[PDB]
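Engineer: Pasting a structure here, questions to come.
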Protein chains: 2
Amino acid sequence: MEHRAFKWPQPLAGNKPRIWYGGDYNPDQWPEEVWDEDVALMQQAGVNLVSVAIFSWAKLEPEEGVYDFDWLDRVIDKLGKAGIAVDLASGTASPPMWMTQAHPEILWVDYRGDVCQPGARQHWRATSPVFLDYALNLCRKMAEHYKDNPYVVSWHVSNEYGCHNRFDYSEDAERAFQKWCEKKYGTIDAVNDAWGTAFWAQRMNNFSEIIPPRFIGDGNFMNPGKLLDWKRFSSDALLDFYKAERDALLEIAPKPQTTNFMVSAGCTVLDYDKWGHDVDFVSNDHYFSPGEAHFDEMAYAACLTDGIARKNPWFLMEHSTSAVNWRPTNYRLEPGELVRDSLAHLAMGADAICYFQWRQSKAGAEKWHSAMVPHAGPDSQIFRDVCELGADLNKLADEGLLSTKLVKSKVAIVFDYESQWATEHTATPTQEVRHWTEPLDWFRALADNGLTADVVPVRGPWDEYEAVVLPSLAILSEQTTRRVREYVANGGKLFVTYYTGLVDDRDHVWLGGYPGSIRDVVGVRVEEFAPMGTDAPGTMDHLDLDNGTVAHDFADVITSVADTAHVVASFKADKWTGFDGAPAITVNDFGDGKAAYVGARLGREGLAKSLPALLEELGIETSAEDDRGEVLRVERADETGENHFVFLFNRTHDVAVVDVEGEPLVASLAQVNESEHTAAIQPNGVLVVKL
Amino acid sequence: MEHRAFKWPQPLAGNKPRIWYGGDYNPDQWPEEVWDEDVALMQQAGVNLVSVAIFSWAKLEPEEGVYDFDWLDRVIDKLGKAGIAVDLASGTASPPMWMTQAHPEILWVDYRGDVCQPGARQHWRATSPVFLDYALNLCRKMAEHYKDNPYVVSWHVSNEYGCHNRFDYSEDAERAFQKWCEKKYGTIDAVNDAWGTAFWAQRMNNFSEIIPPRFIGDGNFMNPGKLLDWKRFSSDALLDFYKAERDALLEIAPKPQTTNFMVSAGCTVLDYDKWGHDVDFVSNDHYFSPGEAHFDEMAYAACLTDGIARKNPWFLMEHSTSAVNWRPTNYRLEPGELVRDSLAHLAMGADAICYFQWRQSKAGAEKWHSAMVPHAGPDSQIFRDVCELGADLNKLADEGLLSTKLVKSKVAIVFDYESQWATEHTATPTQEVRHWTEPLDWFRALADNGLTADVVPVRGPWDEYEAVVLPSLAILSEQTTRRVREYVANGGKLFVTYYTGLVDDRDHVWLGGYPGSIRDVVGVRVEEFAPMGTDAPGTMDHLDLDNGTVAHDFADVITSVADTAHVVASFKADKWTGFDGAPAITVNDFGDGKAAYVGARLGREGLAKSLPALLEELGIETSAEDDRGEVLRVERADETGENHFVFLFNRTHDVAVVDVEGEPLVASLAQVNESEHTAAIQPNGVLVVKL
């Protein structure tokens with residue numbers, strides 16, 4: 001699996017490279033007089049790039065085989081004459097009404113056989129031959145028309161594939177899933193073994209007896225190997241679609257191209273790491289998580305984006321100035337968070353910072369989604385902040401930030417889209433445990449101990465790191481198992497948690513005691529699990545540990561510990577539970593390395609309090625400073641090290657004081673004292689320094 | 001309604017009778033080399049019976065009209081040569097893919113018209129002519145092939161009928177429900193009156209205008225007489241199917257036969273009491289309820305199983321060594337509970353103890369369901385415990401337990417599958433009240449007072465008992481009413497609760513004041529109900545009683561008390577409610593007997609605290625010992641009384657001390673002191689003594 005050669009949208013002729021800054025722009029929603037005010041405000045704000053025509057199919061092709069590009073030619077000329085570059089869409093993200101009215105077979109079908117109608121967006125089947133023909137046609141018409149346009153710097157292919165059309169249960173998807181399985185497994189016998197079909201009379205005679213995981217009565221249990229493969233197939237089918245659109249544009253009008261991802265701690269619609277191999281550059285859409293997780297989760301998501309990009313610069317295609325429209329309660333951003341959030345992504349390696357969207361819609365389903373120009377207009381705190389950010393990004397580019405890379409951490413936290421999928425089955429030990437929460441909890445606990453981790457996809461080079469976290473990494477394939485065993489034996493330092501290595505990549509259990517492929521690495525054997533909760537009176541809902549932490553949701557029953565291992569922490573419990581004095585946290589010597597095993601869910605707080613002991617045991621150095629968890633420190637450097645930037649973010653609701661170890665470039669809710677070379681960072685503030 | 005003659009699986013030639021011990025066995029999921037280890041482990045564990053081929057249709061009939069029995073012949077020979085008997089399945093529990101692909105009319109249909117697909121199990125219509133033909137065909141092929149096999153001791157017909165396919169809304173079920181109604185009622189006028197169809201323009205001109213209770217818009221109110229009959233019809237339709245499979249096997253290969261039930265406090269998929277009339281012996285599948293209810297609910301379920309069996313020995317076809325796969329949080333068993341749970345069923349009259357399943361599946365939807373041989377293998381606490389239980393059951397059979405019966409209690413708690421169904425309508429006084437909880441609450445409150453009740457189905461001989469509980473028994477037919485009135489007048493002692501006797505068997509209300517058919521038995525008249533909860537601010541959520549208990553969810557408004565009755569307890573409340581000083585608990589003299597009325601939901605705790613007074617008033621004797629509720633005492637005896645066994649189970653999280661009134665045979669987490677003839681029973685422990 002090779003990545004494509006890296007390509008990045010280049011400046012308009014006569015311009016110097018900049019941190020690209022701007023947003024989705026939808027002039028087609030407004031009368032044309034508004035466009036001249038849009039351009040003048042964009043110049044005021046320091047906007048240098050916008051993404052246009054994303055959902056414009058019904059205007060670009062208003063009837064079948066009739067094209068209307070003149071409006072788009074005119075707005076692209078206005079932008080370009082003002083020095084603003086265009087990231088042009090294919091226009092294919094969502095089909096017009098004339099098309100679905102004429103071709104109802106385009107619409108995707110749900111698990112009960114109910115057809116998804118128009119009225120929102122992206123109501124098309126990934127495996128529809130007729131929709132593909134319509135989409136490639138528009139791609140080609142667009143490419144031919146814009147191939148020589150001097151103001152178009154990149155292609156934005158479709159939009160957030162799979163946000164709405166991940167799953168289709170049509171006859172098209174039935175046929176395509178049969179073909180996928182044949183191309184993966186080769187024989188029906190191989191499919192039967194993978195899916196364990198001897199159970200419940202599911203054994204198939206040929207590929208025609210492979211059906212999608214349709215409606216089986218709510219509450220009943222779908223074949224888990226088949227469900228896992230369904231999610232892989234669904235991601236692959238949309239990848240195929242993306243690659244076909246891409247290729248159709250590039251054959252006529254080669255330009256840097258991307259499609260926008262939805263990388264966030266809890267979003268696993270697609271295997272985004274896999275997809276990252278087919279974009280010229282990684283672009284991401286991230287919106288804040290409400291409440292206390294806001295800052296840490298956004299840093300973690302931008303960190304994972306950078307891991308997907310293999311530390312190449314990446315493109316923040318979307319985020320929000322303030323509230324989104326799509327949550328049950330759409331909380332606003334607090335003062336300072338607009339600037340802070342943008343610099344968080346920048347810190348984690350973005351060389352472009354863009355919003356959804358330029359002007360707040362006055363009608364339609366996202367009218368309540370914040371924008372760069374709110375309903376309130378340019379006389380607004382949001383627009384002032386947008387202008388301030390624009391000046392900030394010009395300064396940072398003047399000072400050499402472009403093309404610098406996020407520095408390598410001591411610690412790689414491993415993330416696997418497929419492990420998440422495996423943990424989503426409805427007949428696992430507990431529905432309260434999924435893969436995705438554990439890596440985020442580690443990121444935050446490590447930050448509390450003064451350490452900024454890298455978040456590395458399982459395919460990526462986590463085995464080149466000083467230390468590695470396997471966080472509820474439910475799948476360990478034969479390959480990954482080998483990589484883990486070799487990494488530790490050669491001197492790596494490993495953290496492994498509960499719900500790691502239960503299964504291989506077919507969702508077959510590794511037998512003999514969990515974790516079945518690496519018991520000797522971690523030097524423990526688990527014979528069963530003890531899920532916990534409050535489902536009924538008298539259920540076991542927690543387990544204390546003797547290091548002052550508390551387990552919830554899940555604990556392992558460890559029945560033996562290797563002679564090369566020792567117990568760092570033990571459970572304390574009522575005797576009748578069997579847990580009193582049982583091992584909870586262990587550390588094993590394996591070859592020249594070490595592996596710690598955390599046999600329960602301890603949360604961010606439990607991990608943060610357990611880590612000092614474990615970091616010491618594994619020889620991983622951190623600050624001695626008491627205030628070490630108050631700020632997240634994020635660094636970017638060029639290869640030589642001549643351009644080295646430090647971003648300091650307050651993670652707390654107190655004022656944080658930091659040393660200033662170079663020239664302060666940008667400050668937001670932060671005050672520098674030149675005398676003492678110190679700075680006080682308010683809540684929600686950030687300071688950027690060049691070393 | 002007669003029961004079939006009792007028959008029980010007999011020993012293999014040359015063996016003596018044993019408590020059958022073993023589990024579901026699925027060699028078809030494993031390579032054949034595993035089978036020789038399975039047999040050797042089964043011998044080590046003392047396993048003497050296994051149930052085979054339950055879901056093996058896709059291997060037994062791999063294409064239409066092609067049979068492959070050689071694998072099954074080979075594993076049955078290995079088992080039998082090792083002295084292990086086979087409970088052979090029909091194999092018909094779930095159809096193969098080739099069959100449903102060729103015959104989509106087999107699949108059951110949901111209330112909206114959506115067809116249940118393959119991908120799990122039991123996706124067939126109870127009233128499908130073509131599925132019946134396929135099932136009877138396999139039954140006959142199986143019977144002909146195994147009719148002279150010396151190692152097959154019984155038939156296990158299908159599997160848990162109605163677990164998944166209770167309700168079908170197809171055209172087949174439409175036709176079959178019309179015929180059922182005609183065969184029940186005779187005329188359409190009788191159906192119209194039963195269902196109250198003059199209400200809401202539902203009156204029918206003929207049987208063709210009877211339709212199933214399909215989709216009527218979510219939240220709207222289905223005709224309740226029709227819904228009640230639907231549940232009776234659905235149980236009958238699957239009973240018809242079972243009887244046809246049974247008959248098809250027995251015509252060729254007569255052997256003891258059963259089908260496995262799902263008797264538990266809250267499961268009412270089928271009228272299991274009715275079904276019990278068509279099995280040769282009762283077999284049950286019971287899995288623990290999480291938390292504090294675990295022990296008491298399992299004892300209660302095994303007790304009800306024995307009531308269904310009319311005190312004949314019965315067969316525990318399934319339970320779990322530890323966690324199941326199918327709850328949202330799959331809690332494990334604690335140390336000692338494997339042995340304890342098994343002996344609980346044994347205590348309540350089982351002469352066979354079997355698990356789902358022998359070897360934990362490594363793939364498929366139940367891979368996370370515990371087994372006798374876990375993923376961890378034979379070197380596991382579970383497998384050791386399985387071996388220990390095996391030796392325990394050999395000892396108890398050596399000591400004469402087989403064919404002894406659960407001793408008659410002083411108290412019969414009445415259970416009615418149909419009353420539960422009636423309480424399930426969505427326009428009852430409150431959705432918080434169902435029939436099934438009240439009998440369980442009584443069982444537990446009576447145990448707290450030192451009394452082990454019998455749980456007797458309404459058709460059964462509850463009127464032969466010293467005292468009887470009617471626990472939220474919503475239906476009283478004319479017949480049951482007569483039985484109650486005569487039972488009390490002749491000297492019976494009766495407890496009646498709220499939500500008893502509201503309706504007759506058509507769901508018509510008994511008029512004139514509740515409970516409308518027995519007001520004079522209980523010597524109270526209720527004019528309305530006062531449901532309670534926390535649905536909105538300021539709702540009435542409890543009512544104190546003056547005996548130190550608290551009502552929740554529901555109270556009766558009692559407006560008069562007979563001259564032959566007196567008030568035992570009264571509500572205390574805010575004046576404006578109307579409840580201050582109102583009657584809550586009464587006792588009436590009726591003929592030579594007495595009837596207590598408990599006009600509210602008091603819970604296990606409220607009932608346990610109310611019972612001393614009521615037991616005294618009704619002359620029902622219990623221990624004077626203060627510790628009387630700490631252990632459940634369960635007895636089995638032969639008819640003479642020469643073989644009398646007492647099982648003592650600790651119900652608490654303290655150590656319980658008991659007297660030893662005979663020879664201790666089996667102890668689990670219990671220590672006997674020969675000197676003092678006493679024993680200390682740990683939490684989760686049990687002692688078995690022969691008197």
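Numbering starts fresh at 1 for the residues of each chain in the structure tokens, the chains themselves are lettered A, B, ... in the order given, and ligands are numbered from 1 as they appear.
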Contacts of residue 681 (chain A) at 6 Å or less, counting only C-alpha atoms, minus same-chain residues fewer than 2 places along, as a PyMOL selection string?
Structural biologist: chain A and resi 655-656+670+685
Engineer: Tell me, as a PyMOL selection string, which residues lie within 12 Å of residue 260 (chain B), counting only C-alpha atoms; anything in the same chain fewer than 6 positions away does not count.
Structural biologist: chain B and resi 24+51+54+87+89+93+155-163+242+270+272+275-276+278-286+305+314-319+354+356
Engineer: Give the strand (DSSP E or B) residues of region 449-526 of chain B, as assigned by DSSP on the backbone, as a PyMOL selection string.
Structural biologist: chain B and resi 454-457+467-470+475+493-497+503+509+514+524-526
Engineer: Export, as a tab-separated table (two decimals), in the first residue's frame, the selected residues with N, CA and C atoms.
Structural biologist:
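Resulting contents of result_18.tsv:
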```
chain	number	residue	atom	x	y	z
B	454	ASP	N	-44.17	-22.72	46.76
B	454	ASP	CA	-44.30	-23.31	45.43
B	454	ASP	C	-44.87	-22.23	44.48
B	455	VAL	N	-44.46	-22.29	43.19
B	455	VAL	CA	-44.99	-21.41	42.16
B	455	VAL	C	-45.81	-22.26	41.21
B	456	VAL	N	-47.12	-22.01	41.20
B	456	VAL	CA	-48.03	-22.94	40.58
B	456	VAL	C	-48.74	-22.24	39.45
B	457	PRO	N	-48.67	-22.78	38.22
B	457	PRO	CA	-49.46	-22.23	37.13
B	457	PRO	C	-50.96	-22.22	37.41
B	467	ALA	N	-52.26	-22.21	51.75
B	467	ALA	CA	-52.45	-20.81	51.42
B	467	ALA	C	-52.05	-20.56	49.97
B	468	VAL	N	-52.62	-19.49	49.38
B	468	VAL	CA	-52.52	-19.20	47.96
B	468	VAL	C	-52.34	-17.70	47.76
B	469	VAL	N	-51.45	-17.32	46.83
B	469	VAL	CA	-51.24	-15.92	46.45
B	469	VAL	C	-51.75	-15.69	45.02
B	470	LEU	N	-52.61	-14.66	44.86
B	470	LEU	CA	-53.04	-14.12	43.58
B	470	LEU	C	-52.27	-12.80	43.41
B	475	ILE	N	-56.36	-11.27	35.07
B	475	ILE	CA	-57.49	-12.04	34.59
B	475	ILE	C	-57.97	-12.98	35.69
B	493	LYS	N	-56.69	-20.09	52.76
B	493	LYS	CA	-56.14	-18.82	53.18
B	493	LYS	C	-55.54	-18.15	51.95
B	494	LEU	N	-56.03	-16.97	51.59
B	494	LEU	CA	-55.75	-16.32	50.32
B	494	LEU	C	-55.15	-14.95	50.55
B	495	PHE	N	-54.14	-14.63	49.74
B	495	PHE	CA	-53.61	-13.30	49.56
B	495	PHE	C	-53.96	-12.83	48.15
B	496	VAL	N	-54.54	-11.63	48.04
B	496	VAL	CA	-54.89	-10.99	46.80
B	496	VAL	C	-54.23	-9.61	46.77
B	497	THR	N	-53.68	-9.20	45.61
B	497	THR	CA	-53.07	-7.88	45.49
B	497	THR	C	-53.86	-7.01	44.51
B	503	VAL	N	-60.34	-8.13	34.95
B	503	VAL	CA	-61.00	-8.54	33.71
B	503	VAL	C	-61.32	-10.03	33.74
B	509	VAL	N	-63.98	-5.97	31.48
B	509	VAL	CA	-63.91	-5.58	32.89
B	509	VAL	C	-65.08	-6.19	33.68
B	514	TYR	N	-63.96	-2.97	41.57
B	514	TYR	CA	-62.90	-3.96	41.52
B	514	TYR	C	-62.59	-4.55	42.90
B	524	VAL	N	-63.70	-5.95	50.28
B	524	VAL	CA	-63.40	-4.57	49.95
B	524	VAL	C	-64.03	-4.24	48.61
B	525	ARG	N	-64.25	-2.94	48.35
B	525	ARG	CA	-64.67	-2.49	47.03
B	525	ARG	C	-63.78	-1.32	46.63
B	526	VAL	N	-63.17	-1.46	45.44
B	526	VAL	CA	-62.30	-0.44	44.86
B	526	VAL	C	-63.08	0.27	43.77
```
Engineer: How many Å separate CA of residue 61 (chain A) from CA of residue 138 (chain A)?
Structural biologist: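 These two atoms are separated by 8.0 Å.
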Engineer: List as a Markdown table every residue of chain A that is in contact with chain B, defined as an atom at most 7 Å from one of its atoms (using only C-alpha atoms), together with the nearest atom pair and the distance in Å rounded to one decimal, sorted by chain and then rising number.
Structural biologist:
```
| residue | atom | partner | partner_atom | distance |
| --- | --- | --- | --- | --- |
| A:112 | CA | B:114 | CA | 6.1 |
| A:195 | CA | B:364 | CA | 6.6 |
| A:196 | CA | B:363 | CA | 5.1 |
| A:198 | CA | B:29 | CA | 5.3 |
| A:199 | CA | B:364 | CA | 6.5 |
| A:200 | CA | B:55 | CA | 5.2 |
| A:201 | CA | B:58 | CA | 4.9 |
| A:202 | CA | B:96 | CA | 6.1 |
| A:203 | CA | B:58 | CA | 6.0 |
| A:204 | CA | B:97 | CA | 6.4 |
| A:209 | CA | B:97 | CA | 6.4 |
| A:213 | CA | B:119 | CA | 6.6 |
| A:214 | CA | B:117 | CA | 6.5 |
| A:215 | CA | B:116 | CA | 5.8 |
| A:216 | CA | B:116 | CA | 4.8 |
| A:217 | CA | B:116 | CA | 5.9 |
| A:220 | CA | B:120 | CA | 6.9 |
| A:221 | CA | B:120 | CA | 5.9 |
| A:222 | CA | B:120 | CA | 5.3 |
| A:223 | CA | B:365 | CA | 5.5 |
| A:224 | CA | B:365 | CA | 5.9 |
| A:225 | CA | B:364 | CA | 6.9 |
| A:427 | CA | B:325 | CA | 5.0 |
| A:428 | CA | B:368 | CA | 6.2 |
| A:429 | CA | B:330 | CA | 5.3 |
| A:430 | CA | B:329 | CA | 4.4 |
| A:431 | CA | B:328 | CA | 5.4 |
| A:507 | CA | B:363 | CA | 6.8 |
| A:508 | CA | B:363 | CA | 5.0 |
| A:509 | CA | B:362 | CA | 5.1 |
| A:511 | CA | B:375 | CA | 5.0 |
| A:512 | CA | B:376 | CA | 4.1 |
| A:513 | CA | B:376 | CA | 4.1 |
| A:527 | CA | B:376 | CA | 5.5 |
| A:529 | CA | B:332 | CA | 6.8 |
| A:530 | CA | B:332 | CA | 5.4 |
| A:531 | CA | B:331 | CA | 5.2 |
| A:532 | CA | B:331 | CA | 6.6 |
| A:536 | CA | B:291 | CA | 6.0 |
| A:537 | CA | B:291 | CA | 5.8 |
| A:538 | CA | B:291 | CA | 4.4 |
| A:539 | CA | B:291 | CA | 4.1 |
| A:576 | CA | B:683 | CA | 6.4 |
| A:577 | CA | B:334 | CA | 5.5 |
| A:578 | CA | B:335 | CA | 6.1 |
```
Engineer: Go ahead and dump the residues you just picked, N, CA and C atoms, as a tab-separated table (two decimals), in the first residue's frame.
Structural biologist:
```tsv
chain	number	residue	atom	x	y	z
A	112	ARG	N	-34.10	-2.06	6.07
A	112	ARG	CA	-35.43	-2.65	6.02
A	112	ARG	C	-35.98	-2.62	4.58
A	195	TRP	N	-16.28	-16.25	8.40
A	195	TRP	CA	-17.49	-15.79	9.11
A	195	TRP	C	-18.01	-16.79	10.14
A	196	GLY	N	-17.36	-17.94	10.28
A	196	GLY	CA	-17.85	-18.93	11.24
A	196	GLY	C	-19.25	-19.43	10.94
A	198	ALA	N	-20.56	-22.27	10.21
A	198	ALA	CA	-21.08	-23.52	10.78
A	198	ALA	C	-22.07	-23.27	11.94
A	199	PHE	N	-21.96	-22.10	12.56
A	199	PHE	CA	-22.84	-21.67	13.63
A	199	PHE	C	-24.15	-21.11	13.06
A	200	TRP	N	-25.27	-21.61	13.58
A	200	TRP	CA	-26.62	-21.17	13.23
A	200	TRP	C	-26.96	-21.42	11.75
A	201	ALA	N	-26.47	-22.50	11.17
A	201	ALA	CA	-26.92	-22.96	9.83
A	201	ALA	C	-26.77	-21.87	8.77
A	202	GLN	N	-25.62	-21.19	8.75
A	202	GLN	CA	-25.34	-20.08	7.83
A	202	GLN	C	-24.38	-20.41	6.69
A	203	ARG	N	-23.96	-21.68	6.56
A	203	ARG	CA	-22.97	-22.08	5.59
A	203	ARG	C	-23.55	-21.95	4.18
A	204	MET	N	-22.74	-21.35	3.31
A	204	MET	CA	-23.14	-20.99	1.97
A	204	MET	C	-22.55	-21.96	0.95
A	209	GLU	N	-25.12	-16.66	-2.29
A	209	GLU	CA	-25.79	-16.78	-0.99
A	209	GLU	C	-25.18	-15.82	0.03
A	213	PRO	N	-26.08	-7.48	5.59
A	213	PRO	CA	-26.69	-7.60	6.91
A	213	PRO	C	-27.97	-6.74	7.04
A	214	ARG	N	-28.98	-7.04	6.24
A	214	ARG	CA	-30.31	-6.41	6.31
A	214	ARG	C	-31.00	-6.68	7.65
A	215	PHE	N	-32.23	-6.16	7.77
A	215	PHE	CA	-33.14	-6.39	8.88
A	215	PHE	C	-33.28	-7.86	9.23
A	216	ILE	N	-33.01	-8.17	10.52
A	216	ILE	CA	-33.10	-9.54	11.04
A	216	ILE	C	-33.97	-9.59	12.30
A	217	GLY	N	-34.81	-8.56	12.50
A	217	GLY	CA	-35.60	-8.42	13.69
A	217	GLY	C	-34.77	-7.62	14.71
A	220	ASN	N	-31.89	-8.84	17.45
A	220	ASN	CA	-31.23	-10.09	17.14
A	220	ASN	C	-29.79	-9.83	16.68
A	221	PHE	N	-29.00	-10.90	16.65
A	221	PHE	CA	-27.55	-10.77	16.55
A	221	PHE	C	-27.05	-11.18	15.17
A	222	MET	N	-26.55	-10.20	14.41
A	222	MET	CA	-26.05	-10.40	13.06
A	222	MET	C	-24.71	-11.14	13.13
A	223	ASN	N	-24.43	-11.90	12.10
A	223	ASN	CA	-23.12	-12.56	11.97
A	223	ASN	C	-22.00	-11.52	12.07
A	224	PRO	N	-21.12	-11.61	13.09
A	224	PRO	CA	-20.19	-10.52	13.32
A	224	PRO	C	-19.08	-10.40	12.28
A	225	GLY	N	-18.55	-11.52	11.77
A	225	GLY	CA	-17.59	-11.46	10.69
A	225	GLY	C	-18.19	-10.78	9.46
A	427	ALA	N	-23.05	-8.20	20.52
A	427	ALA	CA	-22.94	-9.36	21.41
A	427	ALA	C	-21.51	-9.51	21.95
A	428	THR	N	-20.83	-8.36	22.11
A	428	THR	CA	-19.54	-8.26	22.77
A	428	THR	C	-19.73	-8.34	24.29
A	429	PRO	N	-18.64	-8.49	25.07
A	429	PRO	CA	-18.78	-8.47	26.52
A	429	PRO	C	-19.58	-7.31	27.08
A	430	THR	N	-19.43	-6.10	26.52
A	430	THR	CA	-20.25	-4.99	26.97
A	430	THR	C	-20.30	-3.90	25.93
A	431	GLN	N	-21.51	-3.39	25.71
A	431	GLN	CA	-21.71	-2.26	24.81
A	431	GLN	C	-21.12	-0.96	25.32
A	507	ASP	N	-12.16	-11.50	13.18
A	507	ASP	CA	-12.98	-11.54	14.38
A	507	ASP	C	-13.05	-12.96	14.95
A	508	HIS	N	-12.02	-13.78	14.72
A	508	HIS	CA	-11.84	-15.05	15.42
A	508	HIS	C	-11.05	-14.77	16.73
A	509	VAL	N	-11.48	-15.36	17.82
A	509	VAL	CA	-10.83	-15.19	19.11
A	509	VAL	C	-9.47	-15.91	19.13
A	511	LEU	N	-7.17	-18.03	21.16
A	511	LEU	CA	-7.50	-18.94	22.25
A	511	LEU	C	-6.33	-19.05	23.24
A	512	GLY	N	-6.63	-19.71	24.37
A	512	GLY	CA	-5.63	-20.13	25.35
A	512	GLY	C	-5.51	-19.19	26.55
A	513	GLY	N	-6.33	-18.12	26.58
A	513	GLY	CA	-6.22	-17.03	27.54
A	513	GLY	C	-5.96	-15.70	26.83
A	527	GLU	N	-8.44	-15.15	32.02
A	527	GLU	CA	-9.33	-16.26	31.75
A	527	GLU	C	-10.76	-15.81	31.43
A	529	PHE	N	-13.69	-12.00	31.68
A	529	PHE	CA	-13.88	-10.59	31.90
A	529	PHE	C	-14.95	-10.39	32.96
A	530	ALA	N	-14.87	-9.22	33.62
A	530	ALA	CA	-15.90	-8.77	34.57
A	530	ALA	C	-16.39	-7.39	34.16
A	531	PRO	N	-17.28	-7.29	33.16
A	531	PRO	CA	-17.98	-6.04	32.88
A	531	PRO	C	-18.72	-5.53	34.12
A	532	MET	N	-18.89	-4.21	34.16
A	532	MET	CA	-19.49	-3.52	35.28
A	532	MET	C	-20.46	-2.44	34.80
A	536	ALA	N	-29.05	-2.96	36.82
A	536	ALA	CA	-30.02	-3.56	37.72
A	536	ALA	C	-29.53	-3.33	39.14
A	537	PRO	N	-30.42	-3.39	40.15
A	537	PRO	CA	-29.97	-3.20	41.52
A	537	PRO	C	-28.91	-4.24	41.88
A	538	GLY	N	-27.85	-3.81	42.58
A	538	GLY	CA	-26.89	-4.74	43.10
A	538	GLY	C	-25.83	-5.17	42.10
A	539	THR	N	-25.84	-4.65	40.85
A	539	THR	CA	-24.75	-4.96	39.94
A	539	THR	C	-23.43	-4.36	40.41
A	576	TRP	N	-16.31	-11.80	48.12
A	576	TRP	CA	-17.15	-12.70	47.35
A	576	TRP	C	-17.04	-12.42	45.85
A	577	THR	N	-16.56	-11.24	45.48
A	577	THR	CA	-16.39	-10.89	44.06
A	577	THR	C	-15.25	-11.66	43.40
A	578	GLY	N	-14.27	-12.13	44.18
A	578	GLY	CA	-13.06	-12.76	43.66
A	578	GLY	C	-11.96	-11.77	43.30
```
Engineer: What is the distance, in Å and to one decimal place, between CA of residue 551 (chain A) and CA of residue 603 (chain A)?
Structural biologist: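 So the answer is 7.8 Å.
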Engineer: For residue 207 (chain A), list every protein, DNA or RNA residue within 9 Å, evaluated using only C-alpha atoms, and leave out those in the same chain fewer than 5 positions away; present the list as a PDB file with C-alpha atoms, in the first residue's frame.
Structural biologist:
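This went into result38.pdb:
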```pdb
ATOM      1  CA  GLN A 178     -20.631 -10.531  -3.369  1.00  0.00           C
ATOM      2  CA  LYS A 179     -17.869  -9.398  -5.755  1.00  0.00           C
ATOM      3  CA  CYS A 181     -15.959 -10.951  -0.884  1.00  0.00           C
ATOM      4  CA  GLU A 182     -14.855 -13.009  -3.873  1.00  0.00           C
ATOM      5  CA  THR A 187     -13.449 -19.143  -2.497  1.00  0.00           C
ATOM      6  CA  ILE A 188     -16.764 -19.471  -0.731  1.00  0.00           C
ATOM      7  CA  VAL A 191     -15.774 -16.854   3.408  1.00  0.00           C
TER       8      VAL A 191
END
```
Engineer: Excluding residue 604 (chain A) and its own-chain neighbours fewer than 2 positions away, which residues fall within 8 Å of it when counting only C-alpha atoms? Please give them as a VMD selection string.
Structural biologist: chain A and resid 441 to 442 444 to 445 602 606 to 608
Engineer: Dump C-alpha atoms for the selected residues as a PDB file, in the first residue's frame?
Structural biologist:
```pdb
ATOM      1  CA  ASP A 441      -8.151   8.846  27.389  1.00  0.00           C
ATOM      2  CA  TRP A 442      -4.428   8.018  27.012  1.00  0.00           C
ATOM      3  CA  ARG A 444      -5.302  13.278  27.844  1.00  0.00           C
ATOM      4  CA  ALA A 445      -3.679  11.307  30.728  1.00  0.00           C
ATOM      5  CA  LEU A 602      -9.434   3.711  34.628  1.00  0.00           C
ATOM      6  CA  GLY A 606      -7.255   6.995  36.708  1.00  0.00           C
ATOM      7  CA  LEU A 607      -4.668   6.745  33.928  1.00  0.00           C
ATOM      8  CA  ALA A 608      -3.257  10.179  34.781  1.00  0.00           C
TER       9      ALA A 608
END
```
Engineer: Mind checking which residues fall within 8 Å of residue 687 (chain A), counting only C-alpha atoms, ignoring those fewer than 5 positions away in the same chain, and posting them as a count of residues only?
Structural biologist: 10
Engineer: Which is closest to residue 590 (chain A) among A:641, A:492, A:31, A:23, if we use only C-alpha atoms?
Structural biologist: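 Between A:641, A:492, A:31, A:23, the residue approaching residue 590 (chain A) most closely is A:492.
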